[PDB]
């Protein structure tokens, strides 16, 4: 299509345009955070290791569903659970229109024999051309004039996986700009809105156990499933549609015997495939050229 999901800015709130960090690598949970080098894939043939939350890619616990009306029949694009913005992990790169690259995500070597990972990704293009500072947003409302080091804004705390993502009602901004090469007719630069444009997405759909199921929409993401016969890993060729700055989100799909929600709307499961010691599994993200 793709769908566009339009959010209304509220601070405090779920759609408060919070800041994400390109270095944080540790899983969710208590304890000393682990920061690695910033995950800049510019130039390609780069690889970084990090942990992703158990159900970070698709989790009814987010308490919000979106709908994809570009799907026929329309009932098949309904009630899509979101992912968690901050228990997935973010990276970026600068690239050129036409760049043919390969994204790979697989279990980290330290966890290569531990079942749990089914990595997925979302790739966005940010026409603004670099990190987007927006005063008055959740983490930029104390007089900051710039983003903190190695950080960038994204729309909200729960994320859509197959849509253009738009935030409107932002604190008015007189310097929301894009570089000269950007068609601001097609990609507007509004004083009160910004859009993260969908480029691609996908997830490892190869199950560890044939009898089990993935915590995943029955039909909405049929075009997104990647099967290569290897559970815990995917590879996807991508040709960049635009010159500029890209934002990459990676998160996990959980495999279970069954899942539901409880009275509070929290995920319940039985027979999870989760052999790793923490609340997130370590994966290695690689972008190669070609």
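Numbering follows the first chain given and starts at 1.
The stretch with the higher mean CA B factor, choosing between 47-55 and 218-226, is 218-226. Remark: stretch with higher mean C-alpha B factor among 266-274 and 16-24 is 266-274. Residue set 187, 124, 134, 121: peak C-alpha B-factor at 187 (per PDB entry). As recorded in the entry, 240 carries the highest CA temperature factor of 256, 248, 253, 240.
Residue 156: CA B factor in the lowest third of modelled residues in this chain (values from the PDB entry). Per-chain ranking of the deposited C-alpha B factor places residue 38 in the lowest third. Looking at the C-alpha B-factors along this chain, the one for residue 115 belongs to the middle third. Sort the modelled residues of the chain by CA B factor and residue 99 lands in the highest third. In this PDB entry, the Cα temperature factor of residue 212 sits in the top third of its chain's modelled residues, the highest group.
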